[PDB]
Undergrad: 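Please find one structure pasted underneath; my questions will follow.
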Amino acid sequence: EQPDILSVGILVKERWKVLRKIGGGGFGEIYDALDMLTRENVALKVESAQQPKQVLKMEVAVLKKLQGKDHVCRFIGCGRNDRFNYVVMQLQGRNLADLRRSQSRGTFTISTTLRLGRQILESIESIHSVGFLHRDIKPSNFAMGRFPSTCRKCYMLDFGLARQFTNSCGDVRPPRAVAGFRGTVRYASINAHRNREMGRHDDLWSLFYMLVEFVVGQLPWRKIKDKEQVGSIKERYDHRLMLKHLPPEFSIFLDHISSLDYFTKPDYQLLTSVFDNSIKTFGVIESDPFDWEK
Ligand SMILES: Clc1ccccc1Oc1ccc(Nc2ncnc3[nH]ccc23)cc1
């Protein structure tokens with residue numbers, strides 16, 4: 001097989017010492033590096049300068065646009081050379097995909113589910129607010145922080161598959177007739193399955209699928225490998241069935257996102273109220289242990 005894009009031990013730009021590969025994402029690799037200017041560990045994403053689909057230009061654009069916002073890594077640096085392109089950003093902790101898989105039945109409690117869900121909704125409204133769609137909402141794109149002050153904060157980790165959906169003014173851009181989906185079958189909306197231009201609502205469908213998987217431990221199309229079979233299930237599926245194990249106000253959430261299309265701005269305050277009201281009804285407070293603490 002092919003070697004890692006970077007050799008562990010090298011120094012990037014006389015500053016970032018590559019320590020270990022920590023992931024092999026969709027379109028590149030991620031490393032733990034030592035930043036010798038700040039004397040801290042950081043995350044270093046890289047892609048080959050020669051690979052057919054390169055997304056780190058999008059990663060840098062969105063990370064920069066989101067600086068100052070919650071739920072996003074601090075931007076540290078970026079560069080392009082004949083061998084590779086790279087982006088450096090804040091290193092986070094345990095990934096939600098791993099935390100969920102460590103649970104007894106791959107389920108989180110409603111306490112952990114509601115708090116994570118509300119943080120993730122905040123992160124989606126934030127990326128939409130600067131004119132980008134995420135298009136790849138799934139548990140492995142979120143992690144908790146790795147310090148006492150950050151480990152109760154959930155971070156949106158990656159923006160590779162993002163698309164700008166507005167003008168400078170906030171005008172929604174005319175959709176393409178066909179849009180070739182490159183994200184994850186399991187959490188993709190029907191519109192992704194249909195190679196339609198994705199909208200703000202498609203990120204909220206993916207959040208709805210994540211929340212259901214958190215509470216139930218699986219989605220109805222878990223064992224189906226064929227993308228066009230999954231899509232056929234989603235097209236026909238009565239999503240009200242997924243309300244069974246969610247707090248009652250999720251009927252409002254589901255009715256709202258069902259009403260949306262590419263050209264309709266979500267009612268983010270309504271969707272936030274579903275989480276706020278559910279959290280109060282269930283007596284959840286922010287300091288309650290998450291499932292992985294206790
Ligand atoms: Cl590929 C995968 C699938 C499922 C569960 C974990 C996985 O591994 C990683 C490893 C690292 C990341 N990303 C990050 N991690 C830690 N700090 C980070 N700052 C920015 C990104 C980033 C994501 C998934």
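Just so you know, these numbers use all the heavy atoms, side chains as well, and skip hydrogens, waters and symmetry mates. Quick note: residue numbers are just sequence positions, from 1.
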Undergrad: Determine yes or no for a side-chain-to-main-chain donor-acceptor pair under 3.5 angstrom, with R100 supplying the side chain and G217 the backbone.
TA: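 Side chain of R100 to backbone of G217: a pair is present.
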Undergrad: Could you see if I190 belongs to whatever hydrophobic cluster contains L260? Use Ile, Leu, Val, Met, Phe, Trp, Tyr and a side-chain cutoff under 4.5 Å.
TA: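 Each belongs to a different hydrophobic cluster.
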Undergrad: Rounded to the nearest 0.5 Å, what separation is found between the CG atom of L271 and the CZ atom of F253?
TA: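 Answer rounded to 0.5 Å: 5.0 Å.
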Undergrad: Do the side chain of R173 and the main chain of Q164 share a donor and acceptor less than 3.5 angstrom apart?
TA: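 It does hold such a pair.
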Undergrad: Within the structure provided, determine whether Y31 and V12 are in side-chain contact (heavy-atom separation under 4.5 Å).
TA: no
Undergrad: Can you tell me if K17 has over 12 outside heavy atoms packed within less than 6.0 Å of its NZ?
TA: no
Undergrad: Looking at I76 and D35, what are the two nearest heavy atoms and their distance?
TA: CG2-OD2, 3.4 Å
Undergrad: If you draw a 6.0 Å radius around CD in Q67, do more than 12 non-hydrogen atoms from other residues or ligands fall strictly inside?
TA: yes
Undergrad: Closer than 3.5 angstrom, by distance alone: can the side chain of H134 be matched with the main-chain N or O of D158 as a donor-acceptor pair?
TA: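 Answer holds: yes.
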Undergrad: Of all the heavy-atom pairs spanning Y262 and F165, show the shortest one and how long it is.
TA: OH-O, 4.2 Å
Undergrad: So, for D136 and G183, which heavy atoms are closest and what is the spacing to 0.1 Å?
TA: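 The answer is OD1-CA, 3.9 Å.
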Undergrad: Do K53 and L161 touch side chain to side chain, with heavy atoms closer than 4.5 Å?
TA: yes
Undergrad: Look at the side chain of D288 and the backbone N and O of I285, then say whether any donor-acceptor pair between them is shorter than 3.5 Å.
TA: yes
Undergrad: Taking the six-membered ring for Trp, are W205 and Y209 parallel (under 30°), tilted (30 to 60°) or perpendicular (over 60°)?
TA: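 The arrangement is tilted - the two ring planes meet at 30° to 60°.
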Undergrad: Within a radius of less than 6.0 Å around CZ of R176, do more than 12 heavy atoms belonging to other residues, nucleotides or ligands occur?
TA: yes
Undergrad: Looking at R163 and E197, is there a salt bridge between them, counting it only when a charged N and a carboxylate O are closer than 4.0 Å?
TA: yes
Undergrad: Output the distance between atom CG (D276) and atom OG1 (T281), rounded to the nearest 0.5 Å.
TA: 11.0 Å
Undergrad: Under 3.5 Å, is there a donor on one side chain and an acceptor on the other for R115 and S111?
TA: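 Note: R115 and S111 side chains meet the donor-acceptor criterion.
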Undergrad: Which pair of heavy atoms, one from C73 and one from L63, lies closest together, and at what distance?
TA: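 Here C73 and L63 meet closest at O-CD1, 3.4 Å.
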Undergrad: Quick one: do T166 and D171 satisfy side-chain contact (heavy atoms from CB on, under 4.5 Å)? Show the steps, please.
TA: CA-CA 5 Å; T166 61; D171 299 8; 6.0 Å; no
Undergrad: For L207 and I137, which heavy atoms make the closest approach, and how far apart are they?
TA: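 Smallest heavy-atom distance, with atoms named: N-CG2, 4.0 Å.
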Undergrad: For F290 and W292, take the angle between the two ring planes, folded into 0 to 90°, and tell me which bin it lands in: parallel under 30, tilted 30 to 60, perpendicular over 60.
TA: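 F290 vs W292 ring planes: parallel.
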Undergrad: Name all residues meeting the ring pair (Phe, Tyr, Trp, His ring centres under 6.0 Å) criterion together with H193; count only those two or more places apart in sequence or in a different chain, and write none if there are none.
TA: none
Undergrad: Would you say that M210 contacts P139 through its side chain, given a criterion of any heavy-atom pair below 4.5 Å between the two side chains?
TA: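 They are in side-chain contact.
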Undergrad: Could you give me the CA-CA distance, side-chain angles and deciding distance for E235 and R194, then say whether side-chain contact (heavy atoms from CB on, under 4.5 Å) is met?
TA: CA-CA 10 Å; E235 275 170 10; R194 292 192 309 202; 3.5 Å; yes
Undergrad: Could you check whether any side-chain heavy atom of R186 comes within less than 4.5 Å of a side-chain heavy atom of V230, counting everything from C-beta outward?
TA: no
Undergrad: So do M242 and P220 actually touch side chain to side chain, heavy atoms under 4.5 Å?
TA: yes
Undergrad: Output yes when a side-chain donor or acceptor of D202 lies under 3.5 Å from a complementary backbone atom of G199, and no otherwise.
TA: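 The answer is yes, because a donor-acceptor pair under 3.5 Å joins these two groups.
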Undergrad: Give a yes or no on whether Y237 and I224 share a hydrophobic cluster (residues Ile, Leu, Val, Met, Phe, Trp, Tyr; joining criterion: side-chain heavy atoms under 4.5 Å apart).
TA: yes
Undergrad: How far apart are the C-alpha atoms of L246 and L254, what are their side-chain angles, what is the distance that settles it, and do they pass the side-chain contact (heavy atoms from CB on, under 4.5 Å) test?
TA: CA-CA 11 Å; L246 290 171; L254 174 60; over 6 Å; no
Undergrad: What is the distance from atom CG of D261 to atom NE2 of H201, rounded to the nearest 0.5 Å?
TA: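 Result: 6.0 Å between the selected atoms.
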Undergrad: Going by heavy atoms in the side chains, are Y187 and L219 under 4.5 Å from each other?
TA: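 With C-beta onward as the side chain, the pair touches.
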Undergrad: Should we say atom CZ of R74 is surrounded by more than 12 heavy atoms from elsewhere, each under 6.0 Å from it?
TA: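 No.
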Undergrad: In the single-linkage hydrophobic clustering (I, L, V, M, F, W, Y; side-chain heavy atoms under 4.5 Å), do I257 and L241 co-cluster?
TA: yes
Undergrad: Donor-acceptor check, side chain of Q54 to backbone of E47, threshold 3.5 angstrom: yes or no?
TA: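 Looks like no, no N/O pair under 3.5 Å.
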Undergrad: Sub-3.5 Å donor-acceptor pair from the side chain of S123 to the main-chain atoms of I120, do we have one?
TA: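 The answer is yes, because a donor-acceptor pair under 3.5 Å joins these two groups.
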Undergrad: What's the separation between atom NZ in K153 and atom CG in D70, rounded to the nearest 0.5 Å?
TA: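 Between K153 NZ and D70 CG, I get 3.5 Å after rounding to 0.5 Å.
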Undergrad: Is any side-chain heavy atom of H128 less than 4.5 Å from a side-chain heavy atom of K265?
TA: no
Undergrad: Within the distance-only criterion (no hydrogens, no angle test), does the side chain of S273 pair as donor or acceptor with the backbone N or O of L270 below 3.5 angstrom?
TA: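 Yes.
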Undergrad: Hydrophobic clusters here meaning ILVMFWY residues chained together by side-chain heavy-atom distances under 4.5 Å, can you tell me if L99 and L157 are in one?
TA: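 No, separate clusters.
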Undergrad: How long is the span from the CD atom in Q119 to the NE2 atom in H71, to the nearest 0.5 Å?
TA: 5.0 Å
Undergrad: To check you understand the geometry: which heavy-atom pair defines the closest contact between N195 and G180, and what is its length?
TA: OD1-CA, 3.7 Å
Undergrad: For atom CZ of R146, is the number of surrounding heavy atoms from other residues, nucleotides or ligands below 6.0 Å larger than 12?
TA: yes
Undergrad: Spell out, as yes or no, whether a donor-acceptor pair under 3.5 Å connects the side chain of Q51 to the backbone of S48.
TA: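 Answer holds: yes.
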Undergrad: If you apply the rule side-chain contact (heavy atoms from CB on, under 4.5 Å), what do you find for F181 with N191, and how did you get there?
TA: CA-CA 9 Å; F181 185 59; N191 300 312; over 6 Å; no
Undergrad: Nearest 0.5 Å, what's the NZ-CG distance between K45 and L6?
TA: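 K45 atom NZ to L6 atom CG measures 14.0 Å (nearest 0.5 Å).
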Undergrad: So do the side chains of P247 and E249 get within less than 4.5 Å of each other, counting heavy atoms only?
TA: no
Undergrad: Any side-chain to backbone donor/acceptor pair from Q92 onto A143? Under 3.5 Å, distance only.
TA: no
Undergrad: In this structure, are over 12 heavy atoms from other groups packed under 6.0 Å from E228 atom CD?
TA: no
Undergrad: Charged N to carboxylate O below 4.0 Å: is that the case for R152 and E293?
TA: yes
